[PDB]
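First up is the structure itself, then whatever we jot down about it.
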Amino acid sequence: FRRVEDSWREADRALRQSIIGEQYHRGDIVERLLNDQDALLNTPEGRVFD
Amino acid sequence: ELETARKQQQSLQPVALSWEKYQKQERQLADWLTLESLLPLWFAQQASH
Amino acid sequence: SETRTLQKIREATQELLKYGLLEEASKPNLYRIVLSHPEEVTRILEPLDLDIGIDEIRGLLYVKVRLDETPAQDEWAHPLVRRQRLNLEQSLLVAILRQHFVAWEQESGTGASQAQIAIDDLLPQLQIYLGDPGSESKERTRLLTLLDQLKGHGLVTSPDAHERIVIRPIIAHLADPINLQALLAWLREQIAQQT
Amino acid sequence: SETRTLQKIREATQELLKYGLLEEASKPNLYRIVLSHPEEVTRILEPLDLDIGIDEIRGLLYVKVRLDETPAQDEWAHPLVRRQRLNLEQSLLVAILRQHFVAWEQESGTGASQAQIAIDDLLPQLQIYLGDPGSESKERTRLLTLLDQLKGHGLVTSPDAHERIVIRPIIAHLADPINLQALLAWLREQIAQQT
Amino acid sequence: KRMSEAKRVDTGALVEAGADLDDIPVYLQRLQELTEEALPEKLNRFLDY
Amino acid sequence: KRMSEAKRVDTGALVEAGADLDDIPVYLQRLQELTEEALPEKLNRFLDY
Amino acid sequence: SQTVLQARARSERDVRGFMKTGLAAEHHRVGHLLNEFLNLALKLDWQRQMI
Numbered sequence: 199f200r201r202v203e204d205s206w207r208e209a210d211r212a213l214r215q216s217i218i219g220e221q222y223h224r225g226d227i228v229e230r231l232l233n234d235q236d237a238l239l240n241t242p243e244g245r246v247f248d
Numbered sequence: 251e252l253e254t255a256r257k258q259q260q261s262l263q264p265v266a267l268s269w270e271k272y273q274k275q276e277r278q279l280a281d282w283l284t285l286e287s288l289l290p291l292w293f294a295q296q297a298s299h
Numbered sequence: 040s041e042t043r044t045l046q047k048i049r050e051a052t053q054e055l056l057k058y059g060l061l062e063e064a065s066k067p068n069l070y071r072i073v074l075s076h077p078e079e080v081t082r083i084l085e086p087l088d089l090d091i092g093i094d095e096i097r098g099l100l101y102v103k104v105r106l107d108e109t110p111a112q113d114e115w116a117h118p119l120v121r122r123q124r125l126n127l128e129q130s131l132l133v134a135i136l137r138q139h140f141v142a143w144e145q146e147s148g149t150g151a152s153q154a155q156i157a158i159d160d161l162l163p164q165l166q167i168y169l170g171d172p173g174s175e176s177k178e179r180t181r182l183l184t185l186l187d188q189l190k191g192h193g194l195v196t197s198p199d200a201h202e203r204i205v206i207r208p209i210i211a212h213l214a215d216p217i218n219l220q221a222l223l224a225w226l227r228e229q230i231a232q233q234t
Numbered sequence: 040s041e042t043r044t045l046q047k048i049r050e051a052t053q054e055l056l057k058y059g060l061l062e063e064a065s066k067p068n069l070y071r072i073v074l075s076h077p078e079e080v081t082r083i084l085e086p087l088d089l090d091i092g093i094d095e096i097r098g099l100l101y102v103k104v105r106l107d108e109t110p111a112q113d114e115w116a117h118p119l120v121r122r123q124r125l126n127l128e129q130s131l132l133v134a135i136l137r138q139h140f141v142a143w144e145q146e147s148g149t150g151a152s153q154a155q156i157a158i159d160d161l162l163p164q165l166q167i168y169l170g171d172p173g174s175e176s177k178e179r180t181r182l183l184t185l186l187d188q189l190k191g192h193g194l195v196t197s198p199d200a201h202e203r204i205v206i207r208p209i210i211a212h213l214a215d216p217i218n219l220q221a222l223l224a225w226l227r228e229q230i231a232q233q234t
Numbered sequence: 799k800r801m802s803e804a805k806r807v808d809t810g811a812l813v814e815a816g817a818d819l820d821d822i823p824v825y826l827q828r829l830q831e832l833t834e835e836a837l838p839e840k841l842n843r844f845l846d847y
Numbered sequence: 799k800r801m802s803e804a805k806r807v808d809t810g811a812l813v814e815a816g817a818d819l820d821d822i823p824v825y826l827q828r829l830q831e832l833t834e835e836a837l838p839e840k841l842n843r844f845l846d847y
Numbered sequence: 299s300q301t302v303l304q305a306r307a308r309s310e311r312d313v314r315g316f317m318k319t320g321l322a323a324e325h326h327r328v329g330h331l332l333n334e335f336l337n338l339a340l341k342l343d344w345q346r347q348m349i
């Protein structure tokens with residue numbers, strides 16, 4: 199869990215630094231949220247958490 | 251927000267559909283009007299000959 | 040014998056110079072006094088190479104450096120203006136505050152001056168740019184220092200018991216789209232040079 | 040609309056306000072401009088309750104509150120002027136400089152020469168009433184700190200290459216010389232009482 | 799009729815425009831934005847999320 | 799445009815009818831019913847309460 | 299695990315605060331300006347004092 203926490207923290211920070219992007223529109227943002235969370239959940243630590 | 255966006259798009263789509271249906275008629279009428287601006291001169295030429 | 044300006048006019052103009060700005064929503068009588076003789080106050084400021092601006096819909100009167108013949112180098116060099124120039128950290132906080140301010144203005148138009156926000160909302164924003172020193176208290180202190188500087192520039196109220204602050208309307212005229220685009224061009228030049 | 044005020048006069052006024060002062064020994068240009076055009080500058084200052092006195096003998100001009108003496112209250116408070124009360128150390132230093140300046144003016148008349156004093160004479164007289172802060176280095180540090188703060192208040196110049204300061208003629212127009220004399224009486228009582 | 803119907807569900811965008819033919823382009827711009835954003839397609843995924 | 803605007807604020811008397819010229823009679827029926835019985839009676843009820 | 303949920307909710311905060319952008323004209327203009335400026339901002343070296 200010492201690393202599950204860090205992985206999700208990094209995912210959130212990436213989502214932040216990416217949402218700033220002007221090229222991103224609303225549909226991009228919702229899509230990126232869903233994809234990032236699912237991808238994180240797909241990694242081994244993700245399955246541990248699940 | 252998603253639900254309201256869905257409603258907004260499902261309302262706007264018929265508007266664009268009908269707008270196309272109307273622009274079609276507008277362009278159909280443009281040259282049909284252009285017929286009236288030409289018929290008398292055509293029949294004047296034909297009357298001359 | 041000697042001509043004396045109207046006492047109320049002198050009071051209002053001196054206080055407005057003291058604070059560099061003035062809101063109807065907080066000091067209505069002075070705001071209206073100025074609005075009764077705007078030509079008079081503009082005349083009074085003219086020798087100082089200072090000037091006046093008006094935003095009726097927001098109820099704000101703010102001083103601004105006269106630029107008819109002052110050096111285009113920088114109005115900040117003007118002797119009377121005291122608080123020093125802005126710096127790009129303050130500008131980043133200004134950008135975030137302006138975003139929050141426009142988001143607030145959407146809700147009820149210009150509305151009141153109550154552009155409220157919680158401090159806990161700002162820290163996540165800054166953490167992305169300024170980074171994470173890994174000590175929540177340290178970043179809180181850093182943010183509070185920046186906010187203190189901005190309040191020194193008059194763009195934000197000091198914190199309160201609920202860890203809330205309210206954005207001074209003066210921001211709308213510092214983050215004026217024209218100023219924003221000038222800054223943006225300067226900063227694009229800066230990045231291009233950075234290579 | 041309104042014709043721009045003379046540029047030179049605007050510069051003289053703004054520079055004057057930056058220091059509440061003008062001196063022929065340093066800045067003959069603005070000194071002369073204001074001297075030859077007093078009505079214009081005074082009228083410019085009228086709106087803000089500001090006025091200027093002069094001592095051509097001392098080669099000095101200075102700013103002052105134009106408010107008529109005791110208009111409605113005994114002692115005045117003004118939006119654009121903050122009345123700082125010097126801490127006891129600064130009060131002692133300014134008192135000693137004032138007495139030295141008046142003594143010098145007795146020696147050479149009024150305004151004949153700007154008063155001076157070296158660090159050599161200074162340090163003993165300050166330690167007379169303040170004692171050893173902990174070292175000679177600290178002694179000079181404190182002395183120069185107070186000297187710099189006074190220079191910020193316009194009373195003195197920074198020491199030259201030979202560690203000699205010039206007492207600014209402005210000292211002749213302090214607000215409450217009676218309070219200074221009273222504190223000097225207390226100091227001269229304590230010097231004898233404690234030894 | 800359809801244009802007015804759409805304004806009935808507007809939120810802060812179409813209010814800045816008329817309700818007749820001369821403003822149709824703005825409605826088409828908004829419809830373009832809504833279609834290209836494709837927000838309505840996420841609905842089922844986001845409910846589960 | 800006007801009748802569509804009215805239907806927005808409707809509360810169960812105009813939605814049952816269209817938004818064209820043929821639907822004017824029902825609009826008139828509702829308007830007269832309001833002006834002649836609804837507003838007076840409801841105002842009286844409000845004041846009495 | 300609470301920290302995980304905290305990060306998740308924190309990201310959702312700035313998704314929510316960003317989806318509400320059905321703005322008027324001038325707000326739409328300044329929003330583009332600020333977004334572009336912020337995207338520029340990231341590129342700098344914030345850790346440097348002199349920068």
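Residue numbers (PDB author numbering), protein chains in the order written: chain A, 199 to 248; chain B, 251 to 299; chain C, 40 to 234; chain D, 40 to 234; chain E, 799 to 847; chain F, 799 to 847; chain G, 299 to 349. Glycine residues also receive a C-beta, built at the ideal position from the N, C-alpha and C atoms.
Limits of the beta strand (DSSP E) - the one that residue i falls within
| i | result |
| --- | --- |
| residue 92 of chain D | 89 to 94 |
| residue 102 of chain D | 99 to 104 |
| residue 205 of chain C | 203 to 205 |
| residue 156 of chain C | 155 to 157 |
Endpoints, alpha helix (DSSP H) assigned at residue i
| i | result |
| --- | --- |
| residue 837 of chain E | Unbroken run through residue 837 of chain E: none, as it is neither H nor E. |
| residue 229 of chain C | 216 to 233 |
| residue 339 of chain G | 323 to 340 |
| residue 63 of chain D | Note, residue 63 of chain D: premise wrong, no alpha helix (DSSP H); not H, not E. |
| residue 190 of chain C | 175 to 191 |
Cutoff 7 Å: residue i Cβ touching any chain B Cβ
| i | result |
| --- | --- |
| residue 803 of chain E | yes |
| residue 813 of chain E | no |
| residue 823 of chain E | no |
Residue i versus the options, residue with shortest Cα-Cα distance
| i | options | result |
| --- | --- | --- |
| residue 80 of chain C | C:111, C:46 and C:66 | C:46 |
| residue 337 of chain G | A:242, A:218 and A:243 | A:218 |
| residue 231 of chain C | G:332, G:330, G:315 and G:341 | G:341 |
| residue 835 of chain E | A:200, A:207, A:247 and A:221 | A:221 |
| residue 76 of chain D | D:106, D:144 and D:91 | D:91 |
| residue 163 of chain C | A:204, A:211 and A:202 | A:211 |
| residue 42 of chain C | D:125, D:82 and D:111 | D:82 |
| residue 219 of chain C | G:335, G:348 and G:346 | G:335 |
| residue 65 of chain D | D:208, D:85 and D:165 | D:208 |
Cβ-based burial, residue i [other Cβ within 10 Å; buried from 16]
| i | result |
| --- | --- |
| residue 270 of chain B | exposed |
| residue 801 of chain E | buried |
| residue 343 of chain G | exposed |
| residue 206 of chain A | buried |
| residue 838 of chain F | exposed |
| residue 101 of chain D | buried |
| residue 51 of chain D | buried |
| residue 201 of chain C | exposed |
| residue 333 of chain G | buried |
| residue 195 of chain D | buried |
| residue 201 of chain A | exposed |
| residue 799 of chain F | exposed |
Chain E contact for residue i (CB, 7 Å cutoff)
| i | result |
| --- | --- |
| residue 264 of chain B | yes |
| residue 275 of chain B | no |
Residue-chain proximity (residue i, chain A), Cβ-Cβ < 7 Å
| i | result |
| --- | --- |
| residue 328 of chain G | no |
| residue 23 of chain C | What the structure shows of chain C is the stretch from 40 to 234, and residue 23 of chain C is not part of that stretch, so it cannot be assessed. |
Proximity test, Cβ basis, 7 Å: residue i and chain G
| i | result |
| --- | --- |
| residue 134 of chain C | yes |
| residue 216 of chain C | yes |
| residue 833 of chain E | no |
C-beta neighbour in chain F for residue i, strict 7 Å
| i | result |
| --- | --- |
| residue 828 of chain E | no |
7 Å Cβ cutoff, residue i in contact with chain C
| i | result |
| --- | --- |
| residue 316 of chain G | no |
Quick check: the segment 276 to 283 of chain B against the segment 228 to 238 of chain A, are there 3 or more CB pairs under 8 Å?
-> Touching, no.
Are the segment 121 to 138 of chain D and the segment 805 to 822 of chain E touching by the rule of at least three beta carbon pairs closer than 8 Å?
-> Counting Cβ pairs under 8 Å, fewer than three are found: no touch.
Can you find at least 3 beta carbon pairs, one from the segment 54 to 67 of chain D and one from the segment 100 to 118 of chain D, that sit closer than 8 Å?
-> Yes, the segment 54 to 67 of chain D touches the segment 100 to 118 of chain D.
At least three beta-carbon pairs within less than 8 Å, the segment 305 to 320 of chain G to the segment 224 to 231 of chain A = Proximity of the segment 305 to 320 of chain G to the segment 224 to 231 of chain A meets the contact definition, three or more beta-carbon pairs being nearer than 8 Å.
Sufficient close CB pairs (3 or more, under 8 Å) joining the segment 123 to 137 of chain D to the segment 179 to 189 of chain D = A contact exists between the segment 123 to 137 of chain D and the segment 179 to 189 of chain D.
If we count Cβ pairs, one from each stretch, closer than 8 Å, do we get three or more for the segment 165 to 179 of chain C versus the segment 112 to 122 of chain C?
-> No: the two stretches stay apart, fewer than three of their Cβ pairs being nearer than 8 Å.
Answer yes if the segment 149 to 164 of chain C comes into contact with the segment 203 to 220 of chain C, meaning at least three C-beta pairs across the two stretches below 8 Å, and no otherwise.
-> With a cut-off of 8 Å, the segment 149 to 164 of chain C and the segment 203 to 220 of chain C count as touching, because enough Cβ pairs lie within range.
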